[PDB]
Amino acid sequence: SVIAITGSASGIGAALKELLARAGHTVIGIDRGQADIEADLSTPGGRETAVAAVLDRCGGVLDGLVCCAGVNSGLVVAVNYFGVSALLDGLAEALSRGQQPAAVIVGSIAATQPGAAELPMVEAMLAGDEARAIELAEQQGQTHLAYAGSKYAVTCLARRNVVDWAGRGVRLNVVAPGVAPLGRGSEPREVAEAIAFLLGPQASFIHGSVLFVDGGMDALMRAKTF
């Protein structure tokens, strides 16, 4: 499979890149630097450039997409929400043309922060109004609030488009990485393994799911919420 990965140059994206390469897949890496495709996903121009470059590289046909790129509050909203949505939307056609195509967004357990759902930022993001979402985040003035709000919104975005993606024949799921009950934090490779699972043919009936990979933390803190 030919799989595009944003944030391929560090952390989870880099671990996934390595994992998939070792497993025999072809990886198109997209990141700010040290990548096949170097682009700034915080701007519409960077997103446009990255989408065109991916399409060129894969000949308009793509088997997988993983959005891992993430990071003032305006920048947080621009990268973590709109840098994901522009890439998903820009590459949806190419994915629809691929072989058992699937995509994964790397969310965060911060998406479950109490009150995130009610942040004005969030409505603007889900409406697709970037200028208004950035303005709202900047007047809120807390980067960590923008982080939680963007992760909440991007997780909602995945689920809300479950019908559109099904219609294209492309699965779309979220991985929500996380002391946890398991007594440690995760290695980037462990998150990468969950992503690779969701991308692959073993997950052929999994669509619109949010898979927590957090050593039990969400179960401990939100037992009743599922």
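Note that residue numbering follows the sequence shown and begins at 1.
Engineer: Report, from the record, the number of residues in the deposited sequence between residue 92 and residue 93 that have no coordinates, as none, 1 to 3, 4 to 9, or 10 or more.
Structural biologist: Nothing is missing.
Engineer: Check the residues of the deposited sequence separating residue 178 from residue 179 and report how many of them have no coordinates, as none, 1 to 3, 4 to 9, or 10 or more.
Structural biologist: Unresolved stretch here: 10 or more residues.
Engineer: Would you tell me which stretch averages the higher CA B-factor in the PDB entry, 24-32 or 46-54?
Structural biologist: 46-54 has the higher mean C-alpha B-factor.
Engineer: Quick one: say whether 155-163 or 55-63 has the higher mean Cα B-factor in the deposited entry.
Structural biologist: Here the higher of the two C-alpha B-factor means belongs to 55-63.
Engineer: Highest Cα B-factor in the PDB entry belongs to which of 139, 112, 96, 150?
Structural biologist: Result of the comparison over 139, 112, 96, 150: 139.
Engineer: Determine which member of 101, 120, 107, 128 has the highest CA B-factor, using the values in the deposited entry.
Structural biologist: That would be 120, according to the entry.
Engineer: Ranking every modelled residue in this chain by its Cα temperature factor as given in the entry, which third contains residue 171?
Structural biologist: CA B-factor rank for residue 171: lowest third.
Engineer: Comparing against every modelled residue in the chain, figure out the third that the C-alpha B-factor of residue 84 lands in (lowest, middle or highest).
Structural biologist: Its C-alpha B-factor belongs to the middle third of this chain's values.
Engineer: What third of its chain, lowest, middle or highest, does the C-alpha temperature factor of residue 41 fall into?
Structural biologist: Top third by C-alpha B-factor.
Engineer: Report the third (lowest, middle or highest) to which the CA temperature factor of residue 199 belongs, ranking only the modelled residues of the same chain.
Structural biologist: Tercile = lowest for this residue's CA B-factor.
Engineer: Place residue 192 in the lowest, middle or highest third of its chain's C-alpha B-factors, as listed in the PDB entry.
Structural biologist: It belongs to the lowest third of the chain when residues are ordered by C-alpha B-factor.
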